[PDB]
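Cβ atoms come from the backbone with ideal geometry, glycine included; neighbour counts cover every protein chain shown. Bear in mind these aren't lab numbers, they're just calculated from the coordinates by the rules spelled out.
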Amino acid sequence: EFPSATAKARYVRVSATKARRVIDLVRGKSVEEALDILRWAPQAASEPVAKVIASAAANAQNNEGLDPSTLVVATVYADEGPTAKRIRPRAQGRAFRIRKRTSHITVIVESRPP
Amino acid sequence: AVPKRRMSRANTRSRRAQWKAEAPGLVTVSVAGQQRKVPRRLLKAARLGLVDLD
Amino acid sequence: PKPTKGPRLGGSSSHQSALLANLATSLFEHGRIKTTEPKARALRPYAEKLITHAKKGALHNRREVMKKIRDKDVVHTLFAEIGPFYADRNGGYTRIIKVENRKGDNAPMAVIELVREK
Amino acid sequence: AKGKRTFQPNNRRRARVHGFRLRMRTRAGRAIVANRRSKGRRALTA
RNA sequence: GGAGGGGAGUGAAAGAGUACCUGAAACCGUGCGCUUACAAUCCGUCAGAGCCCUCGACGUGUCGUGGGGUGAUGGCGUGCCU
RNA sequence: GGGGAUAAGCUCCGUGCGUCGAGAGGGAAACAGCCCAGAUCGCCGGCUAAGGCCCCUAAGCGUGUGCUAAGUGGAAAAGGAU
RNA sequence: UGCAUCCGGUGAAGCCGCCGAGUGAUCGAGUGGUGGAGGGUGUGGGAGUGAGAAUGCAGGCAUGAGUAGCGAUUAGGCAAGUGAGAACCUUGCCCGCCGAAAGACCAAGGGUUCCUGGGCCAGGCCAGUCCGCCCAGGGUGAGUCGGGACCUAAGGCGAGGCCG
RNA sequence: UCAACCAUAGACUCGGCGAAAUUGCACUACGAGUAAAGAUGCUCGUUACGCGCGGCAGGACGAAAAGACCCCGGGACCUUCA
RNA sequence: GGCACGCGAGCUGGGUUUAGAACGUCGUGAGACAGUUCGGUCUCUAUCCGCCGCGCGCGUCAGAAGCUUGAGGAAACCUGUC
RNA sequence: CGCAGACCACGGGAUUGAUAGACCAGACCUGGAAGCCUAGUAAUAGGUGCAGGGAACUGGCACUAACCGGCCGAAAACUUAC
């Protein structure tokens, strides 16, 4: 039960699977290191996650007065939000259903001394 | 062709776990008195002042 | 120089050759250019050979340059400055420097320079 | 190459054919109004 | 950058935030315990080793008229309806 | 018993004959109709049928007297053969 | 629902449960969490009275799958730019394509798509500072142009009328 | 015969958006055989480390279409000295 | 000779077996002929088993690098004239 | 970087260096450049001159790039015989 801070992000325009593909890297990585990994990641879902993680770290600093280097990305999870439907058309008079997905993203950073 | 059955949870998640990602191997750089972490591919270009460091 | 081992660089030999010539033009015009990687890998040798013609200066060398690049300001530039400037350096006039990839397609990018150290 | 669909639109034709006047020009075509006028419609006839 | 969020507040309650009474299942994931890479499995059942949790009588840890989760291994076993 | 080639897992009749249908369990290597036997529920009780007792598979490499030499056993004819 | 009684903002129902029960459909007036206003009991009455299947209906979500494709046979590039963010947006120089058309002007048809300013959660088969996308405002001027007020063909309607 | 080499659009790798028909299940081997008479699922034996990727197309009586040939029932339309 | 008279999610589509048309014969007629004659759309992105190749992971009682034995499997095996 | 290659893998090198590219020279392929001069009315021919040009093959040269570096990765014991 170490002191934590929370951060969320909702109605984001990246499918949750393509979020998890990145988040697997940084479950347990320190904040600074994860931010850098995500700066230099070749994925188009790294920037939202970057913003969320720095958000949580900032909230920990300001609102709960915590050292930024005692921190880790303890718990992370991305989940499926709403879904919008688009009747995209296709041959022989047929019409198929695109589903434009979204995702919520959740981060909880502890403050761990060694 | 077309599948014939609803391919299970085990097999599904198992193969799905191959679609993963690796992280680039990072290395320090002494960028003008301070330090930042950057791949090794771009080390010289950083030391010469081209890499957009944010 | 050593031809492309596989398929070409923009969709045909025509477009390839035109593209290399435009990029040599831009290079000798400025000094640096930022472009995707295999273009640089293909454009070291082309450009070094044009430069060598410039070094061994003559009418004949000059025409055999002008039959590619189509820009008299740039050939004057070569035969006026870049030729004698790389007299004693025997080989190896270019440099490649990799940089941050491209957003749209993750594609590599590289800055190709002319050296200035002698 | 003949992809000529059915509906080549025109309006003078539309009105001399499917129009109000030519609905009211008979008996059967009035009753076409009396349903639409009663059913709740808005555009009885183009 | 903004969306969105964390504190501070309103409020009886923000597990009532203008995507809002309650807020199921399918479905999607994060942690904790057991188990699984020499094996032929209508996917279960009967016996059951081993480990983990718990209640109780005791004594420096310990069996029990116990109970629950997993369950190596063995036997038996040919989906539902019309 | 007929038709058929006195063939068919063929077809058509009989039968206080049977079982399946509507009937599980045991045996038959697996096997709706064959043999045994007709399931009120429980027991970490006993005796038996059909069948079977070298190991897989619980029970006898059981006792006695003779045959088999062919792996017969664990498919088969007309006919042949010290 | 008729009738009689009991509990209920000192927390009913409903839902997630744990512990238990009944020979079974099922049950807990047995207790916890969530939650916020009606319910239970006994006797009778009446039923839109019990769903697992109808190539069943409506909504939501999975496997296939982070796979196929991303809409021609013209081909894109470098510097600078604003911008949070640029393969694509603006400009510069190159390059390449059509050139009885992929150019300039009308009719039908559509209906503000035109210009300016601002904007980018939706849309564009990616992103987007961009757009025929979004919002507000602005904008179409005829003695001689194409029609009417001028005429008639095919054909239509059709006073009276004739037939029915 | 007798096929070989080259280039482009795809196919393969990377970044982004991102469907589909089909689907009782599932940690879905092969053989000889048995069976509603062509077995991934049963018996008896043989083989096989878990998870993936490109590729072929023998089977899954593969997907599509409540057979279009045949038969039955109902209709339709056509004919004629019905 | 067998393997759906092997093999069309591998190719053809000449034949046969849709609608057109003609000859002979039958039928009064519509039309028919195991008679003939010319013409006539062959759909599918491979989920699983299977197969050819190639990787990641773990294992073989410490972690590693080289050289290799051989169970067991495969490929090849033709023939003529002077 | 490769004459290894669908990606990954495989093979080699990685300033204690000739792996690649360039540069110099060579081999080979093409076949007698441009400029100038001469003869020609002009088409054009001749000389300078195995000329010039040029891709993979070969030898040499450290001139450019192979970096001033990140990550994985090593020992429960137990008994007889000794």
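Computed quantities for the displayed model
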item	result
Listed residue (B:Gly49, B:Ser30, B:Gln18) projecting farthest to the positive dipole end of chain B, Cβ model	B:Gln18
Hull-based mean projected area of chain A, where the convex hull spans the alpha carbons, in square nanometres	8.2 nm²
Cα principal axis extents for region C:1-61, largest first, Å	35, 23, 16
D:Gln8/A:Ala44 FRET efficiency (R0 51 Å; Cβ-Cβ; nearest 0.05)	0.65
Förster radius 22 Å - calculated FRET efficiency between C:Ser17 and C:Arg63, Cβ distance, rounded to 0.05	0.80
Given A:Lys100/D:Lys2; C:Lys55/C:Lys118; B:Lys44/C:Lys5; A:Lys51/A:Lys85; A:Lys18/C:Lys5; A:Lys100/C:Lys103, the pairs whose alpha carbons are separated by over 26 Å	A:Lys100/D:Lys2; B:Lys44/C:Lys5; A:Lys51/A:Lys85; A:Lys18/C:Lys5
Shape call, the protein assembly as shown: gyration tensor on alpha carbons, a/c limit 1.5	oblate
Relative intensity, log₁₀ I(q)/I(0), of chain C from a Debye sum that treats every alpha carbon as a point, q = 0.14, 0.17, 0.19 Å⁻¹	-0.60, -0.86, -1.06
Shielding score for B:31-38, defined as the mean number of other chain Cβ atoms within 10 Å	2
Rounded, prolate or oblate (a/c below 1.5 giving rounded, otherwise prolate when a/b exceeds b/c) for chain D by Cα gyration tensor	prolate
At least 20 Å along the helix axis (C-alpha) and Kyte average at least -0.5, DSSP helices within chain C	C:13-30
Peptide B:44-54 - average C-beta neighbours from other chains (10 Å radius)	3
Sorted by Cβ neighbour density within 10 Å, fewest at the top, the residues A:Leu71, A:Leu25	A:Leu25, A:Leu71
Anisotropy class of region C:37-89 from Cα gyration tensor, a/c 1.5 cut	oblate
Average partner coverage of B:19-28, which counts Cβ from other chains inside 10 Å	4
